[PDB]
Amino acid sequence: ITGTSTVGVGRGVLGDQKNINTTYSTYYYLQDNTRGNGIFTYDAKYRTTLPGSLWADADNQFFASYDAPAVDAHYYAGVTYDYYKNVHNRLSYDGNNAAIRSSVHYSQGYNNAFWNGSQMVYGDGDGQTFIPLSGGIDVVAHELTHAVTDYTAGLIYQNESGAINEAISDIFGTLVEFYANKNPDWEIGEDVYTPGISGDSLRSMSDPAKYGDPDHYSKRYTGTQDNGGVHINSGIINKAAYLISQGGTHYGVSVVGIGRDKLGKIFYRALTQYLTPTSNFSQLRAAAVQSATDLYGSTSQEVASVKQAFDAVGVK
Ligand SMILES: CC(C)C[C@H](NP(=O)(O)CNC(=O)OCc1ccccc1)C(=O)N[C@@H](CCCN)C(=O)O
Ligand SMILES: [Ca+2]
Ligand SMILES: [Ca+2]
Ligand SMILES: [Ca+2]
Ligand SMILES: [Ca+2]
Ligand SMILES: [Zn+2]
């Protein structure tokens, strides 16, 4: 909407106060004009018709329980935009400052979040398995990263290419969580998963097997559930990424860690310069090796560590 840029205040899903960029024109809207061509947050009003209505508020204060998922979807989309711009010189998901749109309060009891080809969508959860999913910064960044992937490598959402697609979203979701630097970890979704159980998460990158996901190519799933295991076999790539950053010895193979920033540079370059819609795990290894060679040199520790990490997870 046309209006003037304003700054509101509210509380997110976990009860934390934050400022949000809004737009005033009769109402205050969740429209942040400070980033690209805008970040826009919508109310889906418990229905499944998208996007719903651009979020409107009478007083620019967002402290109602119903407001909390919108506050966080809006704010964490801004953090994710900032990560891609400041760290990777990427302007929004398409590289040309496309408007970023999210809808919250999607459906009833909906235990998921997704990119629908055009926008982000967040359920409220059923209150037992999940609380409103935009409360997780790793979740929000996971979803926006699907848009980045779709505009760049275009990884098809099935089998090995789809597991790479998933891992890319978990990797950058985690790197955005570290960028914001609030309780960062190598777990996925911990802030919104199972409010009645402490210390768990939906997936682990540091130890995928903790939640039943493979940590070695020999343990990959090859059935048809979950689009051929896209959220299962992602563990193999998530583990490799964790090892590249943090190091470790895994199935007897030692990896010297090179840190999160270099992990992010290598995988961002692989995603945007080398991967294709049908890349498999072996092709990802080659893309990561080439990316690290471009950035750091063929004889570098960074290249050697990429090779060790993929060796450790059984990907040649
Ligand atoms: C980070 C977590 C909290 C959310 C994440 N959701 P996602 O991977 O972005 C779901 N996207 C998806 O399916 O895209 C395909 C598509 C949909 C619509 C239109 C076009 C294409 C996820 O890991 N979901 C799991 C766990 C879900 C537990 N109930 C899961 O779906 O099995
Ligand atoms: Ca209000
Ligand atoms: Ca965390
Ligand atoms: Ca996390
Ligand atoms: Ca929990
Ligand atoms: Zn995903």
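Based on what the data block shows, is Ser218 surrounded by fewer than 16 Cβ atoms within 10 Å (Cβ to Cβ) and closer than 15 Å to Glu160 by Cα? Break it down into steps so the answer makes sense when it comes.
Working: surrounded by fewer than 16 Cβ atoms within 10 Å (Cβ to Cβ): yes; closer than 15 Å to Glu160 by Cα: yes.
Yes, satisfied.
For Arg220, are the conditions met, namely being within 16 Å of ligand 5 (Cβ to nearest atom) and not assigned by CATH to the domain that holds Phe114? Spell out how you get there, then give the answer.
Details: within 16 Å of ligand 5 (Cβ to nearest atom): no; not assigned by CATH to the domain that holds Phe114: yes.
Answer is no for this residue.
Can you pull out every residue in the stretch 223-250 that is more than 23 Å from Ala304 (Cβ to Cβ) and either of a type in the set (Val, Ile, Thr) or outside the structural domain of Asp311 (by CATH) (or both)? Walk me through how you get there before you give the answer.
Taking the stretch 223-250 and keeping what is more than 23 Å from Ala304 (Cβ to Cβ), we get 223-235.
Passing the criteria: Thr224, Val230, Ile232.
Picking from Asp200, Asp150, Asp170, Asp185, which residue would you name as being within 12 Å of ligand 4 (Cβ to nearest atom) and not in a loop (DSSP other than H, G, I, E, B)? First the steps, then the outcome.
On the way: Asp200 fails: not in a loop (DSSP other than H, G, I, E, B); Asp150 fails: within 12 Å of ligand 4 (Cβ to nearest atom); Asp185 fails: not in a loop (DSSP other than H, G, I, E, B).
Criteria check complete, one pass: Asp170.
Of all residues in the stretch 114-135 being more than 16 Å from ligand 3 (Cβ to nearest atom) and part of a strand (DSSP E or B), which is surrounded by the most Cβ atoms within 10 Å (Cβ to Cβ)?
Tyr122
Of all residues in the stretch 184-202, which are within 18 Å of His142 (Cβ to Cβ) and within 13 Å of ligand 5 (Cβ to nearest atom)? Break it down into steps so the answer makes sense when it comes.
First pass over the stretch 184-202, keeping only residues within 18 Å of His142 (Cβ to Cβ): 184-194, 200-202.
Answer for the stretch 184-202, where residues must be within 18 Å of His142 (Cβ to Cβ) and within 13 Å of ligand 5 (Cβ to nearest atom): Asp185, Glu187, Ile188, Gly189, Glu190, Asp191, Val192, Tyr193, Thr194, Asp200, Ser201, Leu202.
Residue-by-condition table, conditions (1) touching a strand residue (DSSP E or B) at 6+ places or on another chain (Cβ under 7 Å); (2) among the acidic types (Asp, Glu); (3) in contact (Cβ under 8 Å) with a residue 12 or more places away in the chain; (4) at negative phi:
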| residue | (1), (2), (3), (4) |
| --- | --- |
| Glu160 | no, yes, yes, yes |
| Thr174 | no, no, yes, yes |
| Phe178 | no, no, yes, yes |
| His216 | no, no, yes, yes |
| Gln246 | no, no, yes, yes |
| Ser254 | no, no, yes, yes |
| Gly259 | no, no, yes, no |
| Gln273 | no, no, yes, yes |
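Could you say whether any residue in the stretch 235-252 is of a type in the set (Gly, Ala, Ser) and within 16 Å of ligand 6 (Cβ to nearest atom)? So that I can check it myself, show each step before the final result.
Narrowing the stretch 235-252 to residues of a type in the set (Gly, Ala, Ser): 235, 240-241, 245, 247-248, 252.
Then drop every residue that is not within 16 Å of ligand 6 (Cβ to nearest atom), which leaves 235, 241.
Checking the stretch 235-252: at least one residue is of a type in the set (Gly, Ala, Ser) and within 16 Å of ligand 6 (Cβ to nearest atom).
Is one or more of the residues making up the stretch 47-55 surrounded by 24 or more Cβ atoms within 10 Å (Cβ to Cβ), assigned to a helix (DSSP H, G or I) and touching a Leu at 6+ places or on another chain (Cβ under 6 Å)? Steps first, please.
Of the stretch 47-55, the ones surrounded by 24 or more Cβ atoms within 10 Å (Cβ to Cβ) are 55.
Still in the list and also assigned to a helix (DSSP H, G or I): none.
Among the residues of the stretch 47-55, not one is surrounded by 24 or more Cβ atoms within 10 Å (Cβ to Cβ), assigned to a helix (DSSP H, G or I) and touching a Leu at 6+ places or on another chain (Cβ under 6 Å), which makes the answer no.
Would you mind finding the one in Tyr66, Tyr93 that is assigned to a helix (DSSP H, G or I) and over 21 Å from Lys182 (Cβ atoms)?
Working: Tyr93 fails: assigned to a helix (DSSP H, G or I).
None of the others qualify; the one that does is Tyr66.
I'd like the full set of residues that are more than 21 Å from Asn111 (Cβ to Cβ) and not β-branched (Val, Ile, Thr), limited to the stretch 168-184.
Residues satisfying the conditions are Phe172, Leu175, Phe178, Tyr179, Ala180, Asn181, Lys182, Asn183, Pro184.
Cβ-Cβ distance below 7 Å, separation of 6 or more or different chains: which pairs start in the stretch 184-198 with a residue that is under 25 Å from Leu243 (Cα atoms) and end on one that is of a type in the set (S, T, N, Q) and within 10 Å of ligand 3 (Cβ to nearest atom)?
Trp186/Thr174; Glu187/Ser201; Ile188/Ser201; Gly189/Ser201; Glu190/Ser201; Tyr193/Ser201
Among (1) of a type in the set (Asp, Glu); (2) within 12 Å of ligand 3 (Cβ to nearest atom); (3) surrounded by fewer than 20 Cβ atoms within 10 Å (Cβ to Cβ); (4) in the same structural domain as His88 (by CATH), where does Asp150 come up short?
(2)
What is reported rests on the model, the rules as stated and the sources as named; none is laboratory data. Cβ: placed from backbone, ideal geometry, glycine included. Neighbour counts: every protein chain shown.
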